[PDB]
């Protein structure tokens, strides 16, 4: 599914990336936050956590994650927590390890975002 969207259509990868950029900004702009680069801006887990609350209708208490992570380990914990929120909302366990997102593996990042897009396209 995500093998063809990634590998053998390089200009179509850019189509999905522009679509995902648009979708995450629909929501994160409400917190005065802007995403211009999917390669790095979700790696520390913060925007994934904030995005899940925007998409599923809750606030995440700031003691539940690291709003300003100061280590690789805290970024992994943020991403792992965001994955838990993902499963809370009905998505199946995400395929990538938490570390894959923190290490800016674009395929791991793009898969997680695309699954959020597939589910929440129409949330306003």
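Positions refer to the first chain, counted from 1. Under this definition, the rigid core comprises the largest set of C-alpha atoms superposing within 1.5 Å between the forms.
Taking the root mean square of CA deviations in 7 other deposited structures of this protein after fitting on the rigid core, 8-16 and 110-118 differ, and the farther of the two is 8-16. With every structure aligned by its rigid core, 60-68 is the stretch of 60-68 and 42-50 whose CA positions lie farther away in 7 other deposited structures of this protein. For the segment pair 28-36 and 46-54, the entry gives 28-36 the higher mean B-factor, averaged over Cα atoms. The mean Cα B-factor in the deposited entry runs higher for 91-99 than for the other of 91-99 and 61-69.
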